[PDB]
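One chain follows as structure tokens, the form deposited without its partner chain.
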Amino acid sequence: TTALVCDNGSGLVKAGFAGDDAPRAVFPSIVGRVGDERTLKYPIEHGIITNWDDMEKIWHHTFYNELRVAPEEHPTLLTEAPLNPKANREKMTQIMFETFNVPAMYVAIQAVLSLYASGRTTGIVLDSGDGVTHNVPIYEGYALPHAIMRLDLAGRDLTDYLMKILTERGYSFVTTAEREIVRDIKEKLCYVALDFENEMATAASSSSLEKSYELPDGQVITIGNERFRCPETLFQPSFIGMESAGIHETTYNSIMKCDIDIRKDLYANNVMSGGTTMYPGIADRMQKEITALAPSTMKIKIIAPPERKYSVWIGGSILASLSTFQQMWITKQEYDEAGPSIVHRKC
């Protein structure tokens, strides 16, 4: 009777019950033992499932340990990355019906669900999490595959670059535990500058931008320009030696792969989602950059609401609890008759 919603991130699983405002379970997508509880291994790399046995351990941990449910008792909506291979969609569907014996399931694209969380069915999303970033233009709930852009530069890369630019100050962050310390520094202290060159000058001219952080050994480190240099990587991927254009350009390129007839609607409905869009200033920087690239009279709107770390999950919670959605589930009966490729007909 209650549907389950599971957004399986490269870094975090967000899971809970359709109709709720927030996931009840948020835990790391890792096995040594599983989740909150061998190395670590992350079974989702850059948003795509790469270790199916460990993915099954994460799904079992979600149902039994975290949610305290039997998956055979609930319709289950799962999420997937944009451009998820057809074979991966079929493998998830099979696991759910044959291993977990779900009565019904659905798989939705992450970025589509965050568009839905904003009350829209057409728009373009920038979804940036821990392992992957995408630009995803959507027309009436359809993600347009020829126009989707993927960038393997997201939160984990930003933490690794902040580690590198601090290390090059003499503060050495290299280990797994040290990486977690720097991820916390990044979340607490980083921001996106409106004008990177200007901010570089302010940093150097004043201590006004400085913040201090106490490390575990009671060393206190001070960071200045590292606060904005770290996420500036999203706009200048050359900072970590990537040749890709930054995320304002890839937004543009994505728009330009779509018909000119929908472009007004994409520019006026640019939704940001995922943990790596949380930086103070990132919406305003995007609005500035996309205004520079768009036609001169074009209306630009960036929608970056404060709940955006979980908007994929929230859109799933809305979707799976709508009365108009109840005929859209793949039922176990349909899976028994059609097998795993039913997922392509229905999702």
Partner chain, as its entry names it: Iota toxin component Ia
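Just so we're on the same page, rigid core means the largest C-alpha set that superposes within 1.5 Å between forms. Residue numbers count along the first chain shown, from 1.
What follows is about the form deposited with its partner chain bound, which we do not show.
Chemist: State yes or no: in the deposited complex, is some non-hydrogen atom of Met149 no more than 4.5 angstroms from a non-hydrogen atom of its partner chain?
Modeler: Although its partner chain is absent here, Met149 would touch it in the deposited complex, with heavy atoms inside 4.5 Å.
Chemist: Using a 4.5 Å heavy atom cutoff, which residues in 239 to 273 contact its partner chain in the deposited complex? It's fine if the answer is none.
Modeler: The stretch 239 to 273, when checked against its partner chain in the deposited complex, contributes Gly241, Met242, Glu243, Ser244, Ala245, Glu249, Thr250, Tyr252, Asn253, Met256, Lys257 at the 4.5 Å heavy-atom cut-off.
Chemist: At a threshold of 2 angstroms on the CA positions, core aligned, which residue out of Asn198, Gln219, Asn101, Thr121 shifts between the shown form and the other one?
Modeler: Spelled out, the residue whose C-alpha shifts by 2 Å or more is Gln219.
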